[PDB]
file protein02.cif (mmCIF, C-alpha atoms (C1' of nucleotides) and all ligand atoms)
data_input
#
loop_
_atom_site.label_atom_id
_atom_site.label_comp_id
_atom_site.auth_asym_id
_atom_site.auth_seq_id
_atom_site.Cartn_x
_atom_site.Cartn_y
_atom_site.Cartn_z
CA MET A 1 -16.83 -14.59 -23.29
CA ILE A 2 -18.94 -11.77 -21.85
CA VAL A 3 -18.80 -10.62 -18.24
CA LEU A 4 -21.34 -8.51 -16.41
CA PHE A 5 -20.20 -6.97 -13.13
CA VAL A 6 -22.78 -5.68 -10.63
CA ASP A 7 -21.73 -3.24 -7.91
CA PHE A 8 -24.33 -1.79 -5.46
CA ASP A 9 -24.09 1.98 -4.95
CA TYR A 10 -22.92 3.25 -1.52
CA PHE A 11 -24.41 0.07 -0.16
CA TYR A 12 -24.42 0.34 3.64
CA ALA A 13 -25.75 3.90 3.57
CA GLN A 14 -28.22 3.17 0.78
CA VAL A 15 -29.71 0.32 2.79
CA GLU A 16 -30.17 2.72 5.67
CA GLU A 17 -31.90 5.13 3.27
CA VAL A 18 -34.24 2.38 2.12
CA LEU A 19 -35.13 1.41 5.70
CA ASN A 20 -35.78 5.06 6.60
CA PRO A 21 -36.63 6.95 3.38
CA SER A 22 -36.73 10.27 5.22
CA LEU A 23 -32.96 10.09 4.80
CA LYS A 24 -32.80 10.27 0.98
CA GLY A 25 -31.34 13.68 0.22
CA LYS A 26 -29.39 14.26 3.44
CA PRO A 27 -25.74 13.28 3.96
CA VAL A 28 -25.63 9.89 5.66
CA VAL A 29 -22.52 8.50 7.35
CA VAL A 30 -22.42 4.88 8.48
CA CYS A 31 -19.77 4.43 11.13
CA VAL A 32 -18.10 1.94 13.42
CA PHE A 33 -17.80 3.35 16.97
CA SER A 34 -14.75 2.03 18.84
CA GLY A 35 -16.06 2.73 22.36
CA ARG A 36 -12.84 4.52 23.38
CA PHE A 37 -13.49 8.25 23.75
CA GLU A 38 -16.54 10.07 22.37
CA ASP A 39 -17.26 9.62 18.67
CA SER A 40 -14.12 7.51 18.41
CA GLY A 41 -14.08 5.21 15.41
CA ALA A 42 -14.13 5.23 11.62
CA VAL A 43 -16.53 5.74 8.71
CA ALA A 44 -17.50 2.47 6.96
CA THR A 45 -19.07 4.40 4.08
CA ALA A 46 -21.17 7.46 3.26
CA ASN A 47 -23.77 8.38 0.63
CA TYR A 48 -22.71 10.76 -2.13
CA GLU A 49 -24.24 13.84 -0.52
CA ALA A 50 -21.58 13.25 2.10
CA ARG A 51 -18.76 12.30 -0.25
CA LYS A 52 -18.95 15.64 -2.03
CA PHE A 53 -17.31 17.13 1.05
CA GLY A 54 -14.60 14.54 1.60
CA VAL A 55 -16.46 12.31 4.06
CA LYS A 56 -15.76 8.74 2.94
CA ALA A 57 -14.86 5.22 4.05
CA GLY A 58 -11.80 5.04 6.28
CA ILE A 59 -11.62 8.54 7.79
CA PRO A 60 -12.11 9.10 11.55
CA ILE A 61 -15.66 9.82 12.61
CA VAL A 62 -14.13 12.82 14.33
CA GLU A 63 -12.85 14.36 11.11
CA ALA A 64 -16.20 13.72 9.53
CA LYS A 65 -18.17 15.60 12.18
CA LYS A 66 -15.77 18.52 11.85
CA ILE A 67 -16.78 18.71 8.17
CA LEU A 68 -20.46 17.72 8.32
CA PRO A 69 -21.49 18.32 11.95
CA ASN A 70 -25.18 18.10 10.99
CA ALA A 71 -25.10 14.99 8.81
CA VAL A 72 -26.90 11.85 9.99
CA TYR A 73 -24.53 9.45 11.75
CA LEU A 74 -25.65 5.84 12.04
CA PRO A 75 -24.04 2.80 13.70
CA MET A 76 -23.17 0.08 11.21
CA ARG A 77 -25.54 -2.93 11.16
CA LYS A 78 -23.68 -5.61 9.19
CA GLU A 79 -26.27 -8.35 9.70
CA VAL A 80 -29.00 -6.25 8.07
CA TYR A 81 -26.88 -5.30 5.06
CA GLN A 82 -25.88 -8.94 4.71
CA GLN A 83 -29.44 -10.27 4.48
CA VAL A 84 -30.37 -7.51 2.02
CA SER A 85 -27.29 -8.43 0.01
CA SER A 86 -28.21 -12.13 0.06
CA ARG A 87 -31.62 -11.36 -1.41
CA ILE A 88 -30.13 -9.29 -4.21
CA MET A 89 -27.59 -12.01 -4.87
CA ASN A 90 -30.45 -14.53 -5.22
CA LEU A 91 -32.08 -12.30 -7.86
CA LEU A 92 -28.91 -12.35 -9.94
CA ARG A 93 -28.74 -16.16 -9.90
CA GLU A 94 -31.82 -16.21 -12.11
CA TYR A 95 -29.74 -14.54 -14.83
CA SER A 96 -26.84 -16.97 -14.85
CA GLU A 97 -25.96 -20.11 -12.95
CA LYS A 98 -22.28 -19.19 -13.37
CA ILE A 99 -21.97 -16.40 -10.81
CA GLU A 100 -19.04 -15.23 -8.65
CA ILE A 101 -19.93 -13.31 -5.47
CA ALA A 102 -16.80 -11.28 -4.80
CA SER A 103 -17.94 -9.35 -1.73
CA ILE A 104 -20.97 -8.26 0.23
CA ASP A 105 -21.90 -6.09 -2.70
CA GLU A 106 -20.10 -7.15 -5.87
CA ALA A 107 -20.86 -10.04 -8.18
CA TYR A 108 -19.71 -11.16 -11.63
CA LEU A 109 -22.02 -12.88 -14.06
CA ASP A 110 -20.90 -15.05 -16.97
CA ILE A 111 -23.59 -14.20 -19.52
CA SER A 112 -22.02 -15.71 -22.62
CA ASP A 113 -24.75 -18.30 -23.16
CA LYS A 114 -27.65 -15.98 -22.34
CA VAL A 115 -26.70 -13.30 -24.85
CA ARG A 116 -25.15 -13.08 -28.33
CA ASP A 117 -23.65 -9.57 -28.27
CA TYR A 118 -23.07 -6.36 -26.34
CA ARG A 119 -26.45 -4.87 -27.26
CA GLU A 120 -28.27 -7.72 -25.53
CA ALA A 121 -25.83 -7.71 -22.61
CA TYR A 122 -26.30 -3.97 -22.16
CA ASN A 123 -30.04 -4.62 -22.38
CA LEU A 124 -29.85 -7.42 -19.83
CA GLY A 125 -28.03 -4.85 -17.72
CA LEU A 126 -30.92 -2.38 -17.61
CA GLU A 127 -33.22 -5.30 -16.97
CA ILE A 128 -31.14 -6.25 -13.90
CA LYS A 129 -30.84 -2.72 -12.56
CA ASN A 130 -34.62 -2.43 -12.86
CA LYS A 131 -35.36 -5.81 -11.29
CA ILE A 132 -33.24 -4.83 -8.27
CA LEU A 133 -34.52 -1.26 -8.07
CA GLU A 134 -38.12 -2.54 -8.00
CA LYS A 135 -37.83 -5.54 -5.72
CA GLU A 136 -35.34 -3.99 -3.30
CA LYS A 137 -35.20 -0.25 -4.01
CA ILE A 138 -31.41 -0.44 -4.42
CA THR A 139 -29.64 1.29 -7.30
CA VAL A 140 -26.59 -0.51 -8.70
CA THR A 141 -23.91 0.20 -11.28
CA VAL A 142 -23.26 -2.29 -14.05
CA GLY A 143 -20.07 -2.97 -15.98
CA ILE A 144 -19.77 -5.14 -19.09
CA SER A 145 -16.72 -6.41 -20.95
CA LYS A 146 -14.75 -9.37 -22.27
CA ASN A 147 -13.34 -10.32 -18.86
CA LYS A 148 -13.82 -9.76 -15.11
CA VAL A 149 -11.18 -7.06 -14.75
CA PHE A 150 -12.55 -4.81 -17.45
CA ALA A 151 -16.12 -5.48 -16.41
CA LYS A 152 -15.22 -4.07 -13.00
CA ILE A 153 -13.25 -1.15 -14.49
CA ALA A 154 -16.34 -0.39 -16.56
CA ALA A 155 -18.52 -0.08 -13.47
CA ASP A 156 -15.85 1.95 -11.67
CA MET A 157 -16.24 4.49 -14.45
CA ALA A 158 -20.03 4.35 -14.64
CA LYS A 159 -20.90 4.58 -10.95
CA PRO A 160 -23.06 5.67 -9.31
CA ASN A 161 -26.34 4.25 -10.63
CA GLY A 162 -24.81 3.84 -14.06
CA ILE A 163 -24.14 1.16 -16.65
CA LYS A 164 -21.37 0.96 -19.20
CA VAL A 165 -19.94 -1.36 -21.80
CA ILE A 166 -16.28 -1.57 -22.75
CA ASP A 167 -16.08 -3.26 -26.15
CA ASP A 168 -12.93 -4.91 -27.50
CA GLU A 169 -12.25 -1.65 -29.36
CA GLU A 170 -12.11 0.35 -26.13
CA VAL A 171 -10.27 -2.39 -24.27
CA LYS A 172 -7.23 -1.98 -26.52
CA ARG A 173 -7.51 1.77 -26.08
CA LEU A 174 -7.49 1.65 -22.28
CA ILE A 175 -4.59 -0.80 -22.19
CA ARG A 176 -2.82 2.23 -23.59
CA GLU A 177 -4.52 5.22 -21.96
CA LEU A 178 -5.68 3.85 -18.58
CA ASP A 179 -3.69 4.87 -15.50
CA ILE A 180 -2.21 1.60 -14.16
CA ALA A 181 -3.36 2.65 -10.70
CA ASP A 182 -7.00 2.35 -11.79
CA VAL A 183 -6.53 -1.37 -12.38
CA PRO A 184 -8.22 -3.53 -9.72
CA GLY A 185 -5.63 -5.15 -7.48
CA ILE A 186 -3.26 -2.22 -7.81
CA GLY A 187 -3.31 -0.28 -4.56
CA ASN A 188 -1.24 2.66 -3.41
CA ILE A 189 1.73 0.51 -2.45
CA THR A 190 1.97 -1.32 -5.77
CA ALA A 191 1.21 1.73 -7.91
CA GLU A 192 4.19 3.40 -6.26
CA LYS A 193 6.54 0.53 -7.06
CA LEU A 194 5.25 0.72 -10.62
CA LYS A 195 6.12 4.41 -11.03
CA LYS A 196 9.75 3.92 -10.00
CA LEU A 197 9.93 1.40 -12.86
CA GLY A 198 8.51 4.00 -15.21
CA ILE A 199 5.39 1.87 -15.78
CA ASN A 200 2.47 4.32 -15.91
CA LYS A 201 0.01 2.53 -18.18
CA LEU A 202 -0.78 -1.14 -18.67
CA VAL A 203 1.08 -1.24 -22.00
CA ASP A 204 4.32 -0.03 -20.39
CA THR A 205 4.62 -3.36 -18.55
CA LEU A 206 5.50 -4.85 -21.91
CA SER A 207 8.63 -2.68 -22.35
CA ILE A 208 10.20 -4.23 -19.28
CA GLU A 209 11.98 -7.50 -18.63
CA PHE A 210 9.54 -9.72 -16.75
CA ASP A 211 12.32 -10.62 -14.31
CA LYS A 212 12.70 -7.09 -13.02
CA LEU A 213 8.91 -6.98 -12.74
CA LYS A 214 8.68 -10.25 -10.80
CA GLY A 215 11.37 -8.94 -8.51
CA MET A 216 9.61 -5.66 -7.76
CA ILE A 217 5.94 -6.71 -7.44
CA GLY A 218 6.01 -10.49 -7.33
CA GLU A 219 5.39 -13.14 -9.97
CA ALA A 220 1.62 -13.31 -9.49
CA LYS A 221 1.10 -9.56 -9.89
CA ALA A 222 3.54 -9.58 -12.80
CA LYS A 223 1.80 -12.28 -14.82
CA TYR A 224 -1.52 -10.61 -14.00
CA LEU A 225 -0.59 -7.19 -15.42
CA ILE A 226 1.29 -8.64 -18.41
CA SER A 227 -1.69 -10.78 -19.43
CA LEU A 228 -3.97 -7.75 -19.21
CA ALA A 229 -1.56 -5.76 -21.35
CA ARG A 230 -1.36 -8.57 -23.91
CA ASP A 231 -5.15 -8.77 -23.72
CA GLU A 232 -5.08 -12.45 -22.87
CA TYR A 233 -6.47 -12.17 -19.35
CA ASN A 234 -9.35 -14.60 -19.18
CA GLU A 235 -9.95 -15.86 -15.66
CA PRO A 236 -13.28 -17.70 -15.36
CA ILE A 237 -16.20 -16.95 -13.01
CA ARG A 238 -15.96 -19.27 -9.99
CA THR A 239 -18.24 -19.80 -7.01
CA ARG A 240 -16.06 -18.93 -4.00
CA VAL A 241 -16.59 -20.45 -0.55
CA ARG A 242 -15.42 -19.27 2.86
CA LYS A 243 -11.93 -20.43 3.77
CA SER A 244 -11.79 -18.35 6.93
CA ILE A 245 -13.99 -16.83 9.67
CA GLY A 246 -12.97 -14.54 12.49
CA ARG A 247 -13.46 -11.34 14.44
CA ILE A 248 -11.38 -8.53 15.90
CA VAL A 249 -12.50 -5.95 18.43
CA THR A 250 -11.00 -2.71 19.75
CA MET A 251 -10.19 -2.21 23.43
CA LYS A 252 -11.29 0.63 25.70
CA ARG A 253 -7.59 1.41 26.03
CA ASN A 254 -4.31 -0.09 24.86
CA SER A 255 -2.70 -2.68 27.14
CA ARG A 256 -0.28 -5.55 27.69
CA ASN A 257 -2.13 -7.03 30.63
CA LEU A 258 -3.21 -10.58 29.80
CA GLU A 259 -6.11 -10.32 32.28
CA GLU A 260 -7.30 -6.97 30.92
CA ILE A 261 -7.18 -8.34 27.37
CA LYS A 262 -8.74 -11.82 27.72
CA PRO A 263 -12.37 -10.57 27.89
CA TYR A 264 -12.12 -8.92 24.50
CA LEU A 265 -10.37 -12.01 23.14
CA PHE A 266 -12.99 -14.43 24.48
CA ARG A 267 -15.74 -12.18 23.18
CA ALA A 268 -14.09 -12.47 19.76
CA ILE A 269 -14.01 -16.27 20.03
CA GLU A 270 -17.65 -16.48 21.14
CA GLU A 271 -18.76 -14.45 18.14
CA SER A 272 -16.50 -16.34 15.77
CA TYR A 273 -17.83 -19.69 16.89
CA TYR A 274 -21.37 -18.45 16.49
CA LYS A 275 -20.56 -17.61 12.87
CA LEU A 276 -18.86 -20.96 12.29
CA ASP A 277 -22.30 -22.53 12.79
CA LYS A 278 -21.59 -26.21 12.03
CA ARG A 279 -18.17 -25.55 10.54
CA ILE A 280 -15.16 -26.92 12.43
CA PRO A 281 -11.69 -25.39 12.11
CA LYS A 282 -8.36 -27.16 12.39
CA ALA A 283 -6.50 -23.84 12.59
CA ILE A 284 -6.64 -20.75 14.77
CA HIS A 285 -4.78 -17.44 14.73
CA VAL A 286 -4.77 -14.69 17.32
CA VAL A 287 -4.43 -11.30 15.61
CA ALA A 288 -3.29 -8.15 17.36
CA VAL A 289 -3.09 -4.53 16.30
CA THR A 290 -0.26 -2.78 18.17
CA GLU A 291 -0.60 0.75 19.56
CA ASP A 292 1.01 2.01 16.34
CA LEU A 293 -1.46 0.29 13.97
CA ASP A 294 0.96 -2.57 13.28
CA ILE A 295 -0.46 -6.11 12.88
CA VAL A 296 0.99 -9.22 14.55
CA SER A 297 -0.38 -12.76 14.77
CA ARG A 298 0.50 -16.21 16.12
CA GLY A 299 -1.22 -19.38 14.96
CA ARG A 300 -1.37 -23.13 15.18
CA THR A 301 -2.96 -25.86 13.06
CA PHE A 302 -4.16 -29.06 14.72
CA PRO A 303 -4.44 -32.50 13.12
CA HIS A 304 -8.06 -32.57 14.27
CA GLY A 305 -10.87 -30.03 14.57
CA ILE A 306 -10.91 -27.45 17.38
CA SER A 307 -13.62 -27.39 20.05
CA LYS A 308 -14.60 -24.11 21.67
CA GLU A 309 -12.83 -25.28 24.83
CA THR A 310 -9.52 -25.81 23.02
CA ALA A 311 -9.91 -22.51 21.16
CA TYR A 312 -10.32 -20.70 24.46
CA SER A 313 -7.15 -22.08 26.07
CA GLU A 314 -5.00 -22.12 22.94
CA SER A 315 -5.82 -18.50 22.11
CA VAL A 316 -4.50 -17.48 25.52
CA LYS A 317 -1.12 -19.06 24.83
CA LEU A 318 -0.81 -17.49 21.37
CA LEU A 319 -1.63 -14.14 22.97
CA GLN A 320 1.05 -14.67 25.62
CA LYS A 321 3.43 -15.58 22.84
CA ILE A 322 2.60 -12.25 21.20
CA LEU A 323 3.19 -10.28 24.39
CA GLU A 324 6.41 -12.16 25.10
CA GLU A 325 7.60 -11.41 21.57
CA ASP A 326 6.59 -7.74 21.29
CA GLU A 327 7.02 -4.95 23.84
CA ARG A 328 4.36 -2.68 22.29
CA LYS A 329 0.85 -2.24 23.66
CA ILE A 330 -2.13 -3.85 21.93
CA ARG A 331 -4.94 -1.72 20.46
CA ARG A 332 -7.14 -4.40 18.90
CA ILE A 333 -7.24 -8.10 19.68
CA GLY A 334 -8.99 -10.94 17.91
CA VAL A 335 -9.08 -14.43 16.46
CA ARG A 336 -9.40 -16.20 13.12
CA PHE A 337 -10.37 -19.80 12.37
CA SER A 338 -9.50 -21.58 9.14
CA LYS A 339 -8.91 -24.96 7.48
CA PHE A 340 -12.43 -26.25 7.94
CA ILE A 341 -13.03 -29.98 7.80
"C1'" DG B 1 16.81 -29.91 -5.83
"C1'" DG B 2 12.31 -29.72 -5.11
"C1'" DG B 3 7.44 -31.01 -3.44
"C1'" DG B 4 4.42 -29.55 0.41
"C1'" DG B 5 2.83 -27.84 4.31
"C1'" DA B 6 3.01 -24.34 8.06
"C1'" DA B 7 3.85 -19.74 10.09
"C1'" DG B 8 4.11 -14.64 10.10
"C1'" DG B 9 3.34 -10.88 7.22
"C1'" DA B 10 2.11 -7.70 2.97
"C1'" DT B 11 -1.60 -5.86 0.06
"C1'" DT B 12 -6.03 -5.00 -1.59
"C1'" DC B 13 -10.94 -4.04 -1.58
"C1'" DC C 1 -7.24 9.69 14.51
"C1'" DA C 2 -6.94 4.95 12.57
"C1'" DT C 3 -13.31 0.11 12.12
"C1'" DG C 4 -13.77 -9.17 7.34
"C1'" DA C 5 -11.45 -12.00 4.24
"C1'" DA C 6 -8.76 -13.37 0.07
"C1'" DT C 7 -4.46 -13.92 -2.18
"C1'" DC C 8 0.10 -13.70 -2.47
"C1'" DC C 9 5.19 -13.57 -0.56
"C1'" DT C 10 9.23 -15.02 2.16
"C1'" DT C 11 11.23 -18.12 5.17
"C1'" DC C 12 11.36 -22.52 7.61
"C1'" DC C 13 11.19 -27.21 7.95
"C1'" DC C 14 10.81 -32.33 6.86
"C1'" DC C 15 12.52 -35.44 3.57
"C1'" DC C 16 13.31 -38.61 -0.40
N1 LIG A 401 -13.01 0.93 4.81
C1 LIG A 401 -14.11 0.20 4.94
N2 LIG A 401 -14.52 -0.17 6.20
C2 LIG A 401 -15.64 -0.91 6.32
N3 LIG A 401 -16.45 -1.36 5.34
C3 LIG A 401 -16.02 -0.97 4.11
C4 LIG A 401 -14.89 -0.21 3.83
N4 LIG A 401 -14.76 -0.02 2.47
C5 LIG A 401 -15.79 -0.64 1.95
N5 LIG A 401 -16.60 -1.25 2.90
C6 LIG A 401 -17.85 -2.03 2.70
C7 LIG A 401 -19.11 -1.24 3.07
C8 LIG A 401 -19.54 -0.73 1.71
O1 LIG A 401 -20.92 -0.34 1.62
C9 LIG A 401 -19.23 -1.91 0.81
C10 LIG A 401 -19.17 -1.64 -0.68
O2 LIG A 401 -17.86 -1.48 -1.33
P1 LIG A 401 -17.31 -0.04 -1.83
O3 LIG A 401 -15.97 -0.27 -2.45
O4 LIG A 401 -17.12 0.86 -0.68
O5 LIG A 401 -18.41 0.53 -2.92
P2 LIG A 401 -18.83 2.09 -3.34
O6 LIG A 401 -17.71 2.96 -3.82
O7 LIG A 401 -19.85 1.94 -4.42
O8 LIG A 401 -19.56 2.70 -2.01
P3 LIG A 401 -20.05 1.76 -0.81
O9 LIG A 401 -18.99 1.56 0.20
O10 LIG A 401 -21.15 2.47 -0.07
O11 LIG A 401 -20.63 0.49 -1.32
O12 LIG A 401 -17.98 -2.41 1.33
CA CA A 402 -17.84 -2.38 -4.26
CA CA A 403 -20.54 -0.51 -3.94
CA CA A 404 -6.26 1.51 -7.48
#
call {"tool": "encode", "arguments": {"input": "protein02.cif", "output": "structure tokens", "more": "lines below"}}
Ligand SMILES: Nc1ncnc2c1ncn2[C@H]1C[C@H](O)[C@@H](COP(=O)(O)OP(=O)(O)OP(=O)(O)O)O1
Ligand SMILES: [Ca+2]
Ligand SMILES: [Ca+2]
Ligand SMILES: [Ca+2]
result
Amino acid sequence: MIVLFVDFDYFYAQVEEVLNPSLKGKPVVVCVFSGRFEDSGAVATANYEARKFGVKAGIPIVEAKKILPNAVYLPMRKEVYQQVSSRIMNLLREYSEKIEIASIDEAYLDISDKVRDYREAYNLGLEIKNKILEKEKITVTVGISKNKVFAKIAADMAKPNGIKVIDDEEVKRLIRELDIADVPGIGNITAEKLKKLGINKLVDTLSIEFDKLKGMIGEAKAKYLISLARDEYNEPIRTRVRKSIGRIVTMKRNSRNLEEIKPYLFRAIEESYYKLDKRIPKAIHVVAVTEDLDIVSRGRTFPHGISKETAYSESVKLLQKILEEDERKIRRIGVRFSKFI
DNA sequence: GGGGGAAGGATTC
DNA sequence: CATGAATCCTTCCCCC
């Protein structure tokens, strides 16, 4: 089995560079403006010119301007990036019918029956980078290995605008030298739990009784890491379909007033329904972000589909339930629809 | 005991 | 200061 992972470089900002080439070379910061005070919000992503100085995804726009006050700041345009992404995704289909689209800018290709070895896979890589660079003017990093995880790790090491292969020989090496934290699916919270257990590299997970592992990070995460350490991880490439659709907005100011909140909530439902387009949900959840960045939610599944009318009234109750069951103020309110018919 | 779904949350990218 | 969706976990609950 041979996997080829494609990851587009600094995607949102690169698409803005493509649409306005006079930007290539200058630090570009794509942000989400919360409408609260001035320049309130966060950075969705930034090109590398900007990342050299610490401006990256997740930091306040405010801290970014303090560092790069003259950089170009642009408001995120998700719809545009999505259509550009869809076109690139369609180009990849012509290289394998077995393709897994993991996110707006990541995709795994199962190229076992289109190639015989790593030389041809690597070659197919350059061919794909070029096809995309020509047709869309988007540079992408490619990763190639025996399974999805290592394909992705490969790209993580080769980005930006790179390509790298991790042969079986190097796979066994990494399982021993690679920092467990660099393994996809291992975030700051799990990496921490892993250190207290003394597990610092993939291999280390073998010198520990599975039961203590399952207890600390869960069974799923345990079997996952153990199979990667044993080098028997071989999850297939599957076409994934939406199981959920929703939206959450930020308020001008925190609140607990049902009447002051409703507008934002209804706005979220209107936009969610628009995205459902033909899909009908049997379940709805109202999600709130408390004044201290905590997340609470109340839901309800119905035996039948939900009409926009029902959604509107039901969401109000679930919101009231949240207020009744939590004294804190709400910072962000929103809805989520799932269990489509 | 244990299947199976539902609800609220934890984590990750 | 702090802007969509998947997968997994724990606890309930109904029930044969
Ligand atoms: N914190 C975030 N907030 C909003 N969107 C995000 C965030 N992190 C990532 N994204 C989105 C927008 C990015 O362009 C896209 C690509 O995934 P990402 O992990 O960030 O790849 P990257 O390291 O190559 O840079 P880039 O973010 O520009 O693509 O995912
Ligand atoms: Ca990515
Ligand atoms: Ca990317
Ligand atoms: Ca990590």
call {"tool": "residues_near_ligand", "arguments": {"input": "protein02.cif", "ligand": "ligand LIG 401 (chain A)", "cutoff": "10 Å", "atoms": "all atoms listed in the file", "output": "number ranges by chain"}}
result
A: 7-15, 29-32, 42-48, 51, 56-59, 76, 78, 81, 103-106, 140-141, 155-156, 159-161; B: 13; C: 3-4
call {"tool": "closest_residue", "arguments": {"input": "protein02.cif", "among": "A:134, A:179, A:326, A:314", "to": "ligand CA 404 (chain A)", "atoms": "all atoms listed in the file"}}
result
A:179
call {"tool": "atom_distance", "arguments": {"input": "protein02.cif", "atom1": "CA of residue 3 (chain A)", "atom2": "CA of residue 94 (chain A)"}}
result
15.4 Å
call {"tool": "closest_atom_pairs", "arguments": {"input": "protein02.cif", "of": "chain A", "to": "chain C", "cutoff": "10 Å", "atoms": "only C-alpha atoms (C1' of nucleotides)", "output": "tab-separated table"}}
result
residue	atom	partner	partner_atom	distance
A:31	CA	C:3	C1'	7.8
A:32	CA	C:3	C1'	5.3
A:33	CA	C:3	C1'	7.4
A:34	CA	C:3	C1'	7.1
A:40	CA	C:1	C1'	8.2
A:41	CA	C:3	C1'	6.1
A:42	CA	C:3	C1'	5.2
A:43	CA	C:3	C1'	7.3
A:44	CA	C:3	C1'	7.1
A:57	CA	C:3	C1'	9.7
A:58	CA	C:3	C1'	7.8
A:59	CA	C:2	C1'	7.6
A:60	CA	C:1	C1'	5.7
A:61	CA	C:1	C1'	8.6
A:62	CA	C:1	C1'	7.6
A:63	CA	C:1	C1'	8.1
A:76	CA	C:3	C1'	9.9
A:102	CA	C:6	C1'	9.6
A:103	CA	C:5	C1'	9.2
A:217	CA	C:9	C1'	9.7
A:218	CA	C:9	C1'	7.5
A:219	CA	C:8	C1'	9.2
A:220	CA	C:8	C1'	7.2
A:221	CA	C:8	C1'	8.6
A:242	CA	C:5	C1'	8.4
A:243	CA	C:5	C1'	8.5
A:244	CA	C:5	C1'	6.9
A:245	CA	C:5	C1'	7.7
A:246	CA	C:4	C1'	7.5
A:247	CA	C:4	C1'	7.4
A:248	CA	C:4	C1'	8.9
A:249	CA	C:3	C1'	8.8
A:250	CA	C:3	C1'	8.5
A:292	CA	C:2	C1'	9.3
A:293	CA	C:2	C1'	7.3
call {"tool": "write_last_selection", "arguments": {"input": "protein02.cif", "atoms": "C-alpha atoms", "output": "mmCIF file, keeping the file's coordinate frame"}}
result
data_model
loop_
_atom_site.group_PDB
_atom_site.id
_atom_site.type_symbol
_atom_site.label_atom_id
_atom_site.label_comp_id
_atom_site.auth_asym_id
_atom_site.auth_seq_id
_atom_site.Cartn_x
_atom_site.Cartn_y
_atom_site.Cartn_z
ATOM 1 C CA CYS A 31 -19.770 4.430 11.130
ATOM 2 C CA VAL A 32 -18.100 1.940 13.420
ATOM 3 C CA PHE A 33 -17.800 3.350 16.970
ATOM 4 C CA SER A 34 -14.750 2.030 18.840
ATOM 5 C CA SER A 40 -14.120 7.510 18.410
ATOM 6 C CA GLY A 41 -14.080 5.210 15.410
ATOM 7 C CA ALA A 42 -14.130 5.230 11.620
ATOM 8 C CA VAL A 43 -16.530 5.740 8.710
ATOM 9 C CA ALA A 44 -17.500 2.470 6.960
ATOM 10 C CA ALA A 57 -14.860 5.220 4.050
ATOM 11 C CA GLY A 58 -11.800 5.040 6.280
ATOM 12 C CA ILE A 59 -11.620 8.540 7.790
ATOM 13 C CA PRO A 60 -12.110 9.100 11.550
ATOM 14 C CA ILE A 61 -15.660 9.820 12.610
ATOM 15 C CA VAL A 62 -14.130 12.820 14.330
ATOM 16 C CA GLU A 63 -12.850 14.360 11.110
ATOM 17 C CA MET A 76 -23.170 0.080 11.210
ATOM 18 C CA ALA A 102 -16.800 -11.280 -4.800
ATOM 19 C CA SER A 103 -17.940 -9.350 -1.730
ATOM 20 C CA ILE A 217 5.940 -6.710 -7.440
ATOM 21 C CA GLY A 218 6.010 -10.490 -7.330
ATOM 22 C CA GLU A 219 5.390 -13.140 -9.970
ATOM 23 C CA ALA A 220 1.620 -13.310 -9.490
ATOM 24 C CA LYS A 221 1.100 -9.560 -9.890
ATOM 25 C CA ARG A 242 -15.420 -19.270 2.860
ATOM 26 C CA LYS A 243 -11.930 -20.430 3.770
ATOM 27 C CA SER A 244 -11.790 -18.350 6.930
ATOM 28 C CA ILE A 245 -13.990 -16.830 9.670
ATOM 29 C CA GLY A 246 -12.970 -14.540 12.490
ATOM 30 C CA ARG A 247 -13.460 -11.340 14.440
ATOM 31 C CA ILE A 248 -11.380 -8.530 15.900
ATOM 32 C CA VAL A 249 -12.500 -5.950 18.430
ATOM 33 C CA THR A 250 -11.000 -2.710 19.750
ATOM 34 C CA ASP A 292 1.010 2.010 16.340
ATOM 35 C CA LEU A 293 -1.460 0.290 13.970
#
call {"tool": "residues_near_ligand", "arguments": {"input": "protein02.cif", "ligand": "ligand CA 404 (chain A)", "cutoff": "6 Å", "atoms": "all atoms listed in the file", "output": "PyMOL selection string"}}
result
chain A and resi 181-184+186-187
call {"tool": "interface_residues", "arguments": {"input": "protein02.cif", "of": "chain A", "to": "chain B", "cutoff": "9 Å", "atoms": "only C-alpha atoms (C1' of nucleotides)", "output": "VMD selection string"}}
result
chain A and resid 103 184 to 187 189 to 190 295 to 301
call {"tool": "residues_around", "arguments": {"input": "protein02.cif", "residues": "residue 266 (chain A)", "least_positions_apart": "5", "cutoff": "9 Å", "atoms": "all atoms listed in the file", "output": "PyMOL selection string"}}
result
chain A and resi 261+271+312+315+334-335
call {"tool": "atom_distance", "arguments": {"input": "protein02.cif", "atom1": "CA of residue 237 (chain A)", "atom2": "CA of residue 91 (chain A)"}}
result
17.3 Å
call {"tool": "atom_distance", "arguments": {"input": "protein02.cif", "atom1": "CA of residue 107 (chain A)", "atom2": "CA of residue 82 (chain A)"}}
result
13.9 Å
call {"tool": "residues_around", "arguments": {"input": "protein02.cif", "residues": "residue 227 (chain A)", "least_positions_apart": "6", "cutoff": "12 Å", "atoms": "all atoms listed in the file", "output": "count of residues only"}}
result
13
call {"tool": "closest_residue", "arguments": {"input": "protein02.cif", "among": "A:2, A:284, A:19, A:153", "to": "ligand CA 402 (chain A)", "atoms": "only C-alpha atoms and all ligand atoms"}}
result
A:153
call {"tool": "closest_residue", "arguments": {"input": "protein02.cif", "among": "A:264, A:224, A:108, A:53", "to": "ligand CA 402 (chain A)", "atoms": "all atoms listed in the file"}}
result
A:108
